[PDB]
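>>> got the complex split up, this is the first portion:
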Amino acid sequence: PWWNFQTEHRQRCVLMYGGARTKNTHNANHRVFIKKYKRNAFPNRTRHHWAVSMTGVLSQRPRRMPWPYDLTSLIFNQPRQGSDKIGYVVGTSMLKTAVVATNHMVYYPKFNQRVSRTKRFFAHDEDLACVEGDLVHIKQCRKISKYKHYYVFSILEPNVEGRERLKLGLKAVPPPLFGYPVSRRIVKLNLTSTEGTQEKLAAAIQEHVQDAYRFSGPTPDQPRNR
Amino acid sequence: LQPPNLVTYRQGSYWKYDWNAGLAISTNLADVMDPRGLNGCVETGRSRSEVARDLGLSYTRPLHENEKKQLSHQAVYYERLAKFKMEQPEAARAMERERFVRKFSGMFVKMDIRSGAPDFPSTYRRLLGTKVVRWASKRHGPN
Amino acid sequence: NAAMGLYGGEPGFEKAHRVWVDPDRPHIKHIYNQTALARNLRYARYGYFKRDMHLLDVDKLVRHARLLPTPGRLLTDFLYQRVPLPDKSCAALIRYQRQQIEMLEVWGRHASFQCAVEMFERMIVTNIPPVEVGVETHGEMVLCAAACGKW
Amino acid sequence: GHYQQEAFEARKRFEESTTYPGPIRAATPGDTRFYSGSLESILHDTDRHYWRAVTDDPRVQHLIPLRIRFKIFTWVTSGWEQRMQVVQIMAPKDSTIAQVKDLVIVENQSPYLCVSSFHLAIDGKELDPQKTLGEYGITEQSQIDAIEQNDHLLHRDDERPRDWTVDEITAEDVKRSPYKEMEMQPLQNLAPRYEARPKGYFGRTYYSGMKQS
Amino acid sequence: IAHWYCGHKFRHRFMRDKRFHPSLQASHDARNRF
Amino acid sequence: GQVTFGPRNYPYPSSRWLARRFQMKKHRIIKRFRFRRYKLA
Amino acid sequence: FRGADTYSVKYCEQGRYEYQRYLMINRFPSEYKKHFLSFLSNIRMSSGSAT
């Protein structure tokens, strides 16, 4: 009897008349986090875990749920969830493939609004028709490779500019001038001459050994005296 | 009109400007190319390439040197193998023996669900650290 | 991160050490990048290279830099910093001026050629620091004169 | 039985018919490569992965899947057992027996099957390597086997492969072709694992098509 | 708001929630938020 | 720390008394770091 | 009170199967062929000797 009070509970074996017999899982448990690492010495290098981290895939707060009511489902009568996807082909470097960026939708009930999340897929195509920029429609099919389970069904928009550039021999799209950063620290352009290459190398190695010395910790207020 | 950055371009947002500007799909496709072979049959489910091959059309983009070389190398495979097996059966038979014994001496000769898993490290992650050592990353592709 | 350190936590072994790239022979793809904590585009312009002007390739700096000043003021900065100028440095300055000569029109490059000859006069009157006016520099100057048509 | 004869009669009358402008290529579609399920299943040339409720016009088959049955002496733990293997080749409609032999020896892809010269035979009757399938009337349902050079004396123990269970294998014999693949030395990992069946799997007698009890 | 989640002060929990806000979600206009 | 801790709609950037407690901490930190820098130099 | 009096009287006036609307359930062509073949086989025979 969940609706009955604590003192009103004469027994707990069955529900006498009807309702919902639910286990009273104790939410108020006062879970404790035990600090097992130094403040600046957490084993992970990117994300630090300093408190109780909430666990769950869909039960987390704020609530996030899939939204099947999007453009793809409005256009297509999908036999299976996510069977058909419309997206732009971005990246054509693997033979008989076409990488397509299609965006799904996730809904937040708490804020009562939706946002779009972009996901990339590998779409198989024959005769190499998919050129960069085409608005394509892809559908699920049999597994083709380790990461290929979509295939293009129709090229809604042909990239005329890309095809003409390919005919002229140039790339379908100029490569972007900005990419992923290789390292967090900034990359400084090297312009030293041949004579100064060794000096620049010495300076760089000195900087690296200083960064290694930083592992030691704070320098003592009193210099070491024996 | 060079793409701003690779991080944004990979997610297909460079071409999303055409979608956002209202010019997403406006090209007069019939004039630039035949639209009969650029779609797919819903009843059969065959793709645009299948429709093109059924109608005798070929919508092939201009190709660079490397893809043409790949296509030629893959095409020459059967012609090379047919003559090689006849002319020099010694090495072919040795390789066949090695493969025949390799199929016996391997991992999961039975085609169960574990072996059939296309992405073994991604599917079985809980044993990737303590049980197996062959893979170091739990995922290798977009999925 | 596998090469240095096991998991991290030890200070000085989380972030990769400083990486230097030769733009003429790049060892990375897309050297410039955009990130909240990895903005390196601003660190590839003129002004950061004054610290190491004593040992650098002026030709490479001309080839790849941002907000590069005029060649006359660049030479003035070099002289004021008293960095010795070898033959290839002088040739690089002259070809940097010639790549503006070419940009200017055929009939409108007389003023720029006069600027170039004034720069050459300053170079030959530089005295200290030692400026090496060499055969390559003379060839670059003759090429600029040919471009200007002042036979 | 009935299907083959009725298909032949229908094809004959279709050929004899003269008032036919020809099938529409656009209206008649081909088989698709993409479909549900993670298996690539090939069907007959007249079957499609999609539902096709209309019976299409019959066509002359330009590619017959000839299936040749080879003897194979697989190594079971109890002993050597002789069983059957099928090698399938795609030969044109008028392929001579010479090119059929070329196709079978190029598509056998087994180390033991094509060890020596062999002749193709049907129901025990040898096939002349000069005429084509048209003379023999060979269809896709024809049962064709092959007879090797030394399969007429395989009943002899000397011709039979020698198992280590009953026969002694020498230091020169372990260096031979099949006995190198087989491993008489039990390795820790036991790399050559083979099919095993008990000696009493078939009872006191071996496998037979009749009853002996 | 459970006290063990995120930091001791509640503004830690609120800042942690703000990274999942739909209006501030990572996109072309708002990228590299952290 | 939070120098501008003034109440809601405070017509001034901060409080003079509150600012001194932050200036003292800043001065002490700077002085100790400068002295240690001089010693290690 | 979950009693019948709480439910609307209009629940009792409806005809049989009028509550269900029209559904448009489409499937892959391969699934359509599989289902058609299975239904044809079941129509031809559904059990060994109990059909």
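Cool, got the structure. Residues are numbered from 1 along each chain as shown, chains lettered A, B, ... in the order given.
>>> C-alpha from now on. contacts and neighbour counts both.
Will do.
>>> and the biggest helix by length in chain C, what does it pack onto?
The longest helix of chain C (DSSP state H) is helix C:87-103. Counting contacts by 3 or more CA pairs under 8 Å, 6 or more residues apart in numbering or on different chains; DSSP states H and E, helix C:87-103 packs against helix C:58-63, helix C:71-81, helix C:110-124, helix C:135-148.
>>> With mean neighbour count and distance to residue F:9 added, can I get those helices in TSV?
Shown next, in TSV, are the helices and strands packed on helix C:87-103 (neighbours: other CA atoms under 10 Å in any protein chain shown; distance: least, CA to CA, whole Å):
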stretch	mean neighbour count	distance to residue F:9
helix C:58-63	18	53
helix C:71-81	15	52
helix C:110-124	16	60
helix C:135-148	17	67
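>>> can you tell me which of these comes nearest to residue C:102?
helix C:135-148 (7.0 Å; CA to CA).
>>> Please write out the alpha-carbon positions of that closest one in PDB.
The C-alpha trace of helix C:135-148 is given here as PDB (Å, rounded to 0.1, in the frame of the first residue of the first chain):
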ATOM      1  CA  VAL C 135      75.700  38.300 -56.800                       C
ATOM      2  CA  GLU C 136      72.300  36.900 -56.000                       C
ATOM      3  CA  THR C 137      71.200  40.300 -54.700                       C
ATOM      4  CA  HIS C 138      72.400  42.000 -57.900                       C
ATOM      5  CA  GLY C 139      70.600  39.400 -60.000                       C
ATOM      6  CA  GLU C 140      67.400  40.000 -58.100                       C
ATOM      7  CA  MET C 141      67.800  43.800 -58.600                       C
ATOM      8  CA  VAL C 142      68.400  43.200 -62.300                       C
ATOM      9  CA  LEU C 143      65.300  41.000 -62.500                       C
ATOM     10  CA  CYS C 144      63.300  43.800 -60.800                       C
ATOM     11  CA  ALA C 145      64.700  46.300 -63.300                       C
ATOM     12  CA  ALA C 146      63.700  44.000 -66.200                       C
ATOM     13  CA  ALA C 147      60.200  43.700 -64.700                       C
ATOM     14  CA  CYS C 148      60.000  47.500 -64.500                       C
END
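>>> Against which helices or strands is that helix packed?
If you count contacts as 3+ CA pairs under 8 Å, 6+ apart, helix C:135-148 packs onto helix C:87-103, helix C:110-124.
>>> 7 Å instead?
helix C:87-103 (3 or more CA pairs under 7 Å, 6 or more residues apart in numbering or on different chains; DSSP states H and E).
>>> how would you label residue B:94: helix, strand or coil?
helix (DSSP: H, G, I helix; E, B strand; the rest coil).
>>> mind adding chain H? sequence follows:
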Amino acid sequence: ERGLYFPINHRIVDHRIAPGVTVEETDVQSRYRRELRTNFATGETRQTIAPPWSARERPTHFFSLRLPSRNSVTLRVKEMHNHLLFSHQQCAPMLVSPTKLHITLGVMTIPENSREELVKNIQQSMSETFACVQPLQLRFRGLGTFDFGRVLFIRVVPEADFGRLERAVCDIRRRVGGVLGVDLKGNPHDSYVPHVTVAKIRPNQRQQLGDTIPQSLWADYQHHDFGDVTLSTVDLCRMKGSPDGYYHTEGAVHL
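The block that follows adds chain H to the chains above:
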């Protein structure tokens, strides 16, 4: 160990065999990839299917797009022939002469007994249907195979003027095979695929030149670009090129 334990390319199940005989009775062993090689890779192009009655008698006449000898495709295929002859000298009889190149739009068999009245109707229909179409431009690139590799032709990708060309050829088929009875190899409601034949094995040459053209001869040029050619004439011709050293002229329309 190199990759997946069971590659996707090797998970092939054959439905041509009986269901219960593959598990126990026998094991089928074959290379199933060859028959599933796609038409794009193997160069096969689906030609219009001819009925059995029309597939027996040999053709008599054919429509073609007459082109000047100076056209770009002629010298492109000339250089292709030079490369082929330099690489292998045995494919010269298979290779056709550069002066016998035309873009075929349809093939038919006019009986010789009643050819005179049919050719006039055919030529007048061609004139009346081409009195309005402007000269066409076609971009040729790629290689294809007909008659199981017997005929090697240059593919015609869709491009500008190709839609007009296919509409015109459909109208020609309607006006020639539809209203008046002439044996078209295909169907009047079907559209013939234009092509120019670069290599072909004659039935008499089938005795010693093999059964098909090996793919290695044209593998490198399977996707070669032969460029854009403008056509402004049409000709109904007959298979007679040897006597005059040129295409036989039976009907012509200056489009």
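>>> Revisit what packs on helix C:87-103 given that chain H is now included?
Under the contact criterion of 3+ CA pairs under 7 Å, 6+ apart, helix C:87-103 touches helix C:58-63, helix C:135-148.
>>> one more time with 6 Å, if that's ok
With contacts taken as 3 or more CA pairs under 6 Å, 6 or more residues apart in numbering or on different chains; DSSP states H and E, helix C:87-103 sits against helix C:135-148.
>>> Would you map the helices across chain D?
D:2-16, D:97-107, D:133-136, D:177-181.
>>> Give me whichever of those is most buried.
Comparing these by mean neighbour count (mean count of other CA atoms under 10 Å in any protein chain shown), helix D:97-107 ranks first with a mean of 18.
>>> Would you mind pulling the contact partners of that helix?
With contact meaning CA atoms under 6 Å, 6 or more residues apart in numbering or on different chains, helix D:97-107 is reached by residue D:129.
>>> List, one by one, the residues from chain D near chain A.
Residues of chain D found near chain A (CA under 6 Å from any CA of the partner chain) are D:34, D:35, D:36, D:37, D:38.
>>> Return the subset of those residues lying in strands.
The strands, defined by DSSP state E, take in nothing from the residues of chain D next to chain A.
>>> want to throw the residues you listed into JSON lines with distance to residue D:90 and neighbour count?
Listed next are the residues of chain D next to chain A as JSON lines, based on distance: CA to CA, whole Å; neighbours: other CA atoms under 10 Å in any protein chain shown:
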{"residue": "D:34", "distance to residue D:90": "23", "neighbour count": "24"}
{"residue": "D:35", "distance to residue D:90": "24", "neighbour count": "23"}
{"residue": "D:36", "distance to residue D:90": "27", "neighbour count": "15"}
{"residue": "D:37", "distance to residue D:90": "26", "neighbour count": "12"}
{"residue": "D:38", "distance to residue D:90": "25", "neighbour count": "16"}
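>>> For residue A:201, what is the enclosing helix or strand?
Here residue A:201, judged by DSSP states H and E, is contained in helix A:197-213.
>>> residues from chain B in reach of chain H?
Counting by CA under 6 Å from any CA, chain B sits next to chain H at B:32, B:33, B:34, B:56, B:58, B:72, B:76.
>>> From residue C:81, how far out is the fourth one?
Which is residue B:56. 73 Å (CA to CA, to the nearest Å).
>>> Closest to residue C:73 out of the residues of chain B next to chain H?
Using CA to CA, residue B:32 is the member of the residues of chain B next to chain H that lies nearest residue C:73, at 54.1 Å.
>>> list the contacts for the closest one?
Applying CA under 6 Å, 6+ apart, we find residue B:32 in contact with residue H:160.
>>> Strands of chain A, residue ranges please.
Using DSSP E, the strands of chain A run over A:65-66, A:84-89, A:97-108, A:113-124, A:135-145, A:148-157, A:188-189.
>>> Chain I should join the structure above:
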Amino acid sequence: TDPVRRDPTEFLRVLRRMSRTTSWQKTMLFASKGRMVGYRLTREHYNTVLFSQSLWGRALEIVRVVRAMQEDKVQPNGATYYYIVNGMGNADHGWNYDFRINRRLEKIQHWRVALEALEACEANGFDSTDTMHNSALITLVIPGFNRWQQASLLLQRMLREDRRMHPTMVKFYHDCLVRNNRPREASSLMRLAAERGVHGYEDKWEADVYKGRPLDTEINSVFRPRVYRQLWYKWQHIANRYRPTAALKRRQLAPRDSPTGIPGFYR
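Once chain I is put in with the chains from before, the structure reads:
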């Protein structure tokens, strides 16, 4: 760099601390960078580096630092030979999923390096302990490659020198013998171990069956040095030192939603 960190005594002390409480990568990188920029490295520095290298049991780094010492013309003591032979003996090796842990050992040829290190340590006049010889024999016989003749010669040398035999090298040599099909040598090793009294082979004694004739992937195991699972060993014995076969697991030493302390349990 400030003079306090520029002082080479600070370099030595920080390098020693790094070797005491870090991985091999830290010490190797720091020492290499310091040698590159100033910081004249001495025999003490080289021995400190070799300490961590041997602790982590790596061969390529050890041969690199040995080549560096040869270039710098520093005369080493017996500690260097002990460290290099122990590193060779502690080099990782394992057949997991038909895939060896280290494919570089075959190219490195660490057995020859261990043998020459032992020979040089004996020749130059330094003490030779049992551990160096046992490590050398371990390098000689492993599941990777078969080197039994040289191992037998080394075992005869140990027998005539009255040196102790370690159970790890005894087990490795026995496995190598049974894999190379030398039951006579396996029986001799079993007799020697039984006579000595090794913990593993105290009871295992067998009679001599070769009494009338005179003389003339496979293994699936993983071996790594102690330092890899020293933390696991320490916490296992701290938690349950009265039930050794307990399989120390989660929640035995840390409550829910709290770190267990050791990063990378069971690798």
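>>> Could you re-examine what packs on helix C:87-103 with chain I now present?
Using 3+ CA pairs under 6 Å, 6+ apart: helix C:87-103 touches helix C:135-148.
>>> Could you pull up the contacting residues of the closest residue to chain F within the stretch 101-250 of chain H?
Among the residues of the stretch 101-250 of chain H, residue H:159 lies nearest to chain F; the distance is 69.2 Å by CA to the nearest CA. Under the criterion of CA under 6 Å, 6+ apart, the neighbours of residue H:159 are residue B:33.
>>> Mind doing that once more with 8 Å?
Contact partners of residue H:159, counting by CA atoms under 8 Å, 6 or more residues apart in numbering or on different chains, are B:32, B:33, B:34, H:138, H:139.
>>> tally of neighbours for the second one?
The burial count assigned to residue B:33 is 20, neighbours taken as other CA atoms under 10 Å in any protein chain shown.
>>> Just give me the residue right at the centre of chain A.
The residue lying closest to the centre of chain A (CA atoms, centre = their mean) is residue A:119, at 8.8 Å.
>>> Tell me who's in contact with it.
A:101, A:102, A:103, A:104, B:11.
>>> of all those, which comes closest to chain F?
Among these, and counting by CA to the nearest CA, the member closest to chain F is residue B:11, at 40.4 Å.
>>> and the closest one, how far is that from chain I?
Distance, residue B:11 to chain I, using CA to the nearest CA, to the nearest Å: 34 Å.
>>> residues contacting the residue nearest to that residue when sequence neighbours are not counted?
By the measure of CA to CA, 6 or more residues apart in numbering or on different chains, the closest residue to residue B:11 outside its immediate chain neighbours is residue A:101, 5.7 Å from it. By CA under 8 Å, 6+ apart, the contact list for residue A:101 reads A:87, A:88, A:89, A:90, A:118, A:119, A:120, A:121, B:10, B:11, B:12.
>>> Put together a markdown table for those, with distance to residue I:217 on each row.
Shown next, in a markdown table, are the contacts of residue A:101 (distance: CA to CA, whole Å):
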| residue | distance to residue I:217 |
| --- | --- |
| A:87 | 48 |
| A:88 | 48 |
| A:89 | 45 |
| A:90 | 44 |
| A:118 | 45 |
| A:119 | 42 |
| A:120 | 40 |
| A:121 | 38 |
| B:10 | 43 |
| B:11 | 44 |
| B:12 | 47 |
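>>> Just the closest of those to residue D:204, please.
residue A:121 (59.9 Å).
>>> burial of residue 28, as a residue count?
Chain wasn't specified; assuming chain A. Using other CA under 10 Å, residue A:28 has 7 neighbouring residues.
>>> not what I meant, chain F
Residue F:28 is flanked by 12 other residues according to other CA under 10 Å.
>>> what's the longest helix in chain B?
Ranked by residue count, the top helix of chain B under DSSP H comes out as helix B:65-87.
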